[PDB]
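Heads up, the thing below is written out as structure tokens.
Naming convention: chains lettered A, B, ... in sequence-line order (proteins, then strands); numbering from 1 in each chain.
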Amino acid sequence: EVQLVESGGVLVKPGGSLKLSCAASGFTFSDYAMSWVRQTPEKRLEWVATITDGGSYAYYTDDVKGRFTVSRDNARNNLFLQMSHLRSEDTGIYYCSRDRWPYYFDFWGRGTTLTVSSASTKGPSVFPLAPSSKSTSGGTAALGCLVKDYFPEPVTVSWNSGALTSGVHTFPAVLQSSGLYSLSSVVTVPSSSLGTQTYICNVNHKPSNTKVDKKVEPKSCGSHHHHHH
Amino acid sequence: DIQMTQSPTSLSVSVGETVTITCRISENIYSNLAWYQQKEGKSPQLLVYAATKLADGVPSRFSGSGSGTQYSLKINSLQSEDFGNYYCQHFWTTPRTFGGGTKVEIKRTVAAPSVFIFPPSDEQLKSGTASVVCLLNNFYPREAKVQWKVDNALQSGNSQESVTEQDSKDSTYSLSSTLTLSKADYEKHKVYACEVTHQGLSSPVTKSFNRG
């Protein structure tokens, strides 16, 4: 199957540089023009640059002329976007695409997020949302991870290294008044098998290069040292 | 310059129904048009190109028509997986540009949320902060009110919430709300409660725990 997988996607100081990469597979790479299309702040799709199939010719949208260079390695099925003089308006999600040049874009990659900002990157802390009698009903239990205090977006969350996708809700993040992001990822599973299944949320904040894995299990409530207030 | 109007900007329509989305252009572009679906987070998908040509792997309930300055995308019987944003794109002159979008919502019957509360992890409390999470799962329509109550006192200013996009299988929404307190403020109250209102609920639903 066709596959376009971007890399890069970090914080950059205003005025700085960055190389985005795209690995292509599942078709004859050198047969196709290749493009970057970005999803701007507003949520509008905007073509950026296109390199013809041979890497000979390159085309750019006015706003990035003289600042960005698109190139390709036909020996390895790689597409690059070299960016210098980054400015705040360049912040967005950058999709590698297969370009039926002049015309339309018939395959797109997952996207990579470029945040232009003078803030520091910060990785998240990850906390369990343990299933308990407060998250159970109808034989079904909800559990999750709370992913707190990271910048910039995004964090990606998976469960059990990708082997669990059903019943998962990963919520849009909220911007805390610290300027740091927060989000939760939950899943609802059978109560029955909370003693046999192990559930691990996998948190990847690529902009900070931090991965965190966190087992989420039922927590036994009682304690020999305890009081009532 | 070359610009487009997409219309409607927003639609809400039931499964099995017929939806037309229209793209009107400022010049005649001689059928040099394409259509795309994008769901939140996820990457765009080509639907239709050259105004009338169905892209491969696209269900045949999609089709496109029109010419000159008037183009249309028609979904024959809408399916729950056809939620998201739809965009037109011209390729008449340079640059190729994109329309503003039509957001498509799947209308369905009412579903009450299931409500779940989570006390702070013991690991977080050791760091000095107490996040309390209230979860509203799989409801419709989107509108849902969360009220935080601490020792029966109406809270305000210490929570934030957010809604998912629409579910591609059941067309419901889910919502997560977090109440944030210092550890010290957390230890001075007993009852932490989440009070939920929705069109699908006659009386409100309260999930609560005692710190213990």
Salt bridge (charged side-chain N to carboxylate O under 4.0 Å, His left out) between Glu40(B) and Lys43(A), intermediate numbers included: CA-CA 10 Å; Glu40(B) 285 284 335; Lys43(A) 291 303 185 300; over 6 Å; no
Evaluation steps, side-chain contact (heavy atoms from CB on, under 4.5 Å), between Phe62(B) and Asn76(B): CA-CA 7 Å; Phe62(B) 290 85; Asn76(B) 242 329; over 6 Å; no
Using the side chain to side chain donor-acceptor pair (under 3.5 Å) rule, take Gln124(B) and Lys183(B) through it: C-alpha gap first, then chi angles, then the decisive distance, then the call. CA-CA 9 Å; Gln124(B) 197 193 14; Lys183(B) 197 214 192 223; over 6 Å; no
Would you sort out whether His228(A) and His226(A) count as a ring pair (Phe, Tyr, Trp, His ring centres under 6.0 Å), showing the intermediate values? CA-CA 7 Å; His228(A) 284 306; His226(A) 81 258; 5.4 Å; yes
Derivation and outcome, side chain to side chain donor-acceptor pair (under 3.5 Å), residues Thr164(B) and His169(A): CA-CA 7 Å; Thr164(B) 62; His169(A) 288 308; 5.0 Å; no
Apply side-chain contact (heavy atoms from CB on, under 4.5 Å) to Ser208(B) and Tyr192(B), showing your working. CA-CA 5 Å; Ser208(B) 66; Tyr192(B) 289 77; over 6 Å; no
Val189(A) and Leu194(A): CA distance, side-chain angles, deciding distance, side-chain contact (heavy atoms from CB on, under 4.5 Å) verdict: CA-CA 8 Å; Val189(A) 295; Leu194(A) 284 172; 4.2 Å; yes
Before giving the answer on side chain to side chain donor-acceptor pair (under 3.5 Å), spell out for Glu123(B) and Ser121(B) the whole-Å C-alpha distance, their side-chain angles and the decisive distance to 0.1 Å. CA-CA 5 Å; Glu123(B) 175 167 13; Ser121(B) 85; 5.2 Å; no
Begin with the C-alpha distance, continue with both residues' side-chain angles, and end with the deciding distance and a verdict on side-chain contact (heavy atoms from CB on, under 4.5 Å) for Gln6(B) and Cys88(B). CA-CA 8 Å; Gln6(B) 274 186 240; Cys88(B) 55; 3.6 Å; yes
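Side-chain contact check for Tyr49(B) versus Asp106(A): every heavy-atom pair is 4.5 Å or farther apart. The closest side-chain heavy-atom distance from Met83(A) to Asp90(A) is not below 4.5 Å. Using a 4.5 Å cut-off on side-chain heavy atoms (C-beta onward), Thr102(B) and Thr9(B) make no contact. For the pair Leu78(B) and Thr18(B), the minimum side-chain heavy-atom distance is 4.5 Å or more. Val12(A) is listed as a side-chain neighbour of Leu114(A), based on a closest heavy-atom distance under 4.5 Å. The shortest distance between side-chain heavy atoms of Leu86(A) and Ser17(A) does not fall below 4.5 Å. Here the side chains of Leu183(A) and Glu153(A) are not in contact, with every heavy-atom distance at 4.5 Å or above. The shortest distance between side-chain heavy atoms of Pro207(A) and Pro154(A) falls below 4.5 Å.
Judged by distance alone, the side chain of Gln166(B) and the main-chain N or O of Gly84(B) form no donor-acceptor pair under 3.5 Å. Panel note: side chain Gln37(B), backbone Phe83(B); a donor-acceptor pair is recorded below 3.5 Å. Panel note: side chain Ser176(B), backbone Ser184(A); no donor-acceptor pair is recorded below 3.5 Å. Remark: the backbone N or O of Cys96(A) is paired with a side-chain donor or acceptor of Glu6(A) at under 3.5 angstrom. In this structure, the side chain of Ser35(A) does not engage the main chain of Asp99(A) through any donor-acceptor pair within 3.5 Å. Remark: the backbone N or O of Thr140(A) is not paired with any side-chain donor or acceptor of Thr188(A) at under 3.5 angstrom. Between the side chain of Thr61(A) and the main chain of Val48(A), no donor-acceptor pair closer than 3.5 Å is present. At least one donor-acceptor pair under 3.5 Å links the side chain of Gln176(A) to the backbone N or O of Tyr181(A).
The minimum heavy-atom distance between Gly111(A) and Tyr95(A), with the atom names listed, is CA-CD2, 3.5 Å. The minimum heavy-atom distance linking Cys145(A) with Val216(A) is given by the pair SG-CG2, 3.6 Å. Residue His198(B) comes nearest to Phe139(B) through the heavy atom pair NE2-CD1, 3.6 Å, listed as atom of the first residue, atom of the second, then distance. In this structure, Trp36(A) and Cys22(A) approach most closely via the heavy-atom pair CH2-CB, 3.9 Å. When all heavy atoms of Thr112(A) and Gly8(A) are compared, the pair lying nearest together is OG1-O, 3.1 Å. Across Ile106(B) and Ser80(B), no two heavy atoms sit closer than the pair CG1-O, 3.7 Å.
Looking at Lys169(B) and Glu81(B), no side-chain N of the basic residue comes within less than 4.0 Å of a carboxylate O on the acidic one, giving no salt bridge. Under 4.0 Å is where a charged nitrogen must lie from a carboxylate oxygen, and between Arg142(B) and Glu165(B) no such pair does. Comment: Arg38(A) engages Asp63(A) in a salt bridge, judged by a side-chain N to carboxylate O separation of less than 4.0 angstrom. Of the charged side-chain nitrogens involved, none lies within less than 4.0 Å of a carboxylate oxygen, so that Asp151(B) and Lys190(B) do not count as a salt-bridged pair. Taking the charged nitrogens against the carboxylate oxygens, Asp167(B) and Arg108(B) have no contact shorter than 4.0 Å, which rules out a salt bridge.
Cation-pi contact between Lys122(A) and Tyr150(A): absent, since separation from the ring centre below 6.0 Å together with deviation from the ring axis within 45° is not met. Both tests hold for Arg211(B) against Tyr186(B): distance to the six-membered ring centre under 6.0 Å, angle to the ring axis within 45°. In this structure, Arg98(A) forms a cation-pi arrangement with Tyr32(A), its terminal cationic atom sitting closer than 6.0 Å to the ring centre and no more than 45° off the ring axis.
Atom OG of residue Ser203(B) and atom CG of residue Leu201(B) lie 7.5 Å apart, to the nearest 0.5 angstrom. To the nearest 0.5 Å, the span separating OG1 on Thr91(A) from CG on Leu11(A) amounts to 8.5 Å. Interatomic distance, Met34(A) CE to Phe80(A) CZ, rounded to the nearest 0.5 Å: 11.5 Å. The CD atom of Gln38(B) sits 5.0 Å away from the CD atom of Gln39(A) when rounded to the nearest 0.5 Å. The OG atom of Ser10(B) lies 8.0 Å from the CD atom of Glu105(B); values are rounded to the nearest 0.5 Å. From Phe29(A), atom CZ reaches atom CG of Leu4(A) across 8.5 Å, with rounding to the nearest 0.5 Å.
Under the side chain to side chain donor-acceptor pair (under 3.5 Å) criterion, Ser177(B) pairs with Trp148(B), not counting sequence neighbours.
Evaluated for a side-chain hydrogen bond (donor to acceptor under 3.5 Å, both in side chains) with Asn202(A), the options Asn160(A), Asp213(A), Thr156(A) yield exactly one hit, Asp213(A). Considering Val146(B), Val133(B), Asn158(B), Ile117(B) as possible partners of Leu179(B), the one that fulfils the side-chain contact (heavy atoms from CB on, under 4.5 Å) test is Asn158(B).
Here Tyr87(B) and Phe98(B) keep their ring centres 6.0 angstrom or further from each other.
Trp108(A) and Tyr36(B) have perpendicular rings, their planes meeting at more than 60° on a 0 to 90° scale where under 30° would count as parallel.
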